[PDB]
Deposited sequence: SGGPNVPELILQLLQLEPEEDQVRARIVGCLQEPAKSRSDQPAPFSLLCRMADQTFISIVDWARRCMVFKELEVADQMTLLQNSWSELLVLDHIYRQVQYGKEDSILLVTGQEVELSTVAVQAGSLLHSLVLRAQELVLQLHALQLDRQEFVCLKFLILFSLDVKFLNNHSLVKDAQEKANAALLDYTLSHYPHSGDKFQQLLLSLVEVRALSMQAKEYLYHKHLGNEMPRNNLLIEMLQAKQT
């Protein structure tokens, strides 16, 4: 089978997993201060750091690097939560264990731990994400479809919410063509994998919206000098 040029470009832009982990862990293992209660503070910084890696990834991305910062900010403003969710989901697909979840740090959490420690919103969101994990495993989601889905999500904003329409609209069209062409060539006996994958993105967006609600309900404070990128993303307006 042949692999769409856009996908091959995306595979060259994928960070090395252990380097991403080592960097995140190094930040997390710093002598900490005293304001929210464990384990939340640590996990929150972890998510923050994961998004930082994601931003770094987007800065190396073909069409993204071109755009004016105003637009870059707007794309990331629209997609940050979905990128994080997709990152988490894909981590679980590779991990392949129904009983626990794997975090970006290599740390592993029992679903039975979540059942007792987690509020109802958080608990129902984690379990809902495991369902999507099972679906995508059964669909044989691979690394090529993954990086392409990340790219699609990144550029998922209706271009009317942007200043420049041209470059982003084309990018959307190229990525959609690449995913279709790849699923047809590499998974001919699946039939509508292309559609089924785009349908997955609908559930990613739904999980992403519940994730923001959980965070909103934390009633987080603004920062003196801002320290947490995700906090900024969460409080950012339209």
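- By the record, the deposited chain contains unmodelled runs at 1-3, 38-39, 244, with no C-alpha atoms placed there.
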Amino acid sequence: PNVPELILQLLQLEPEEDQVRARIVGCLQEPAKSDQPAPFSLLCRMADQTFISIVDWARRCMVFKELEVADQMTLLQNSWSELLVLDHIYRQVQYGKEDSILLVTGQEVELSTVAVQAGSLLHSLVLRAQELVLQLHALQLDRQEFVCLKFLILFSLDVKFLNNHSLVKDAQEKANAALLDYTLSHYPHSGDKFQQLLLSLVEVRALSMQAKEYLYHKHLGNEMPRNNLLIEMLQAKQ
From here on, numbers count along this sequence of modelled residues.
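- Taking only CA atoms, the mean B-factor in the PDB entry is higher for 178-186 than for the other of 178-186 and 50-58.
- Between 91-99 and 129-137, the higher mean Cα B-factor belongs to 91-99.
- Each of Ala211, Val69, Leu198, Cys44 has a CA temperature factor in the record; the biggest one is found at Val69.
- Ranked within its chain, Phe146 lands in the lowest third, by CA B factor from the PDB record.
- For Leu84, the recorded CA temperature factor ranks within the lowest third of the chain's modelled residues.
- Placement of the Cα temperature factor of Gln29 within the chain: lowest third of the modelled residues, per the deposited record.
- Ranked against the other modelled residues of its chain, the C-alpha B-factor of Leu220 as given in the entry falls in the highest third.
- Per the PDB record, residue ranking by Cα B-factor puts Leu167 in the highest third of the chain.
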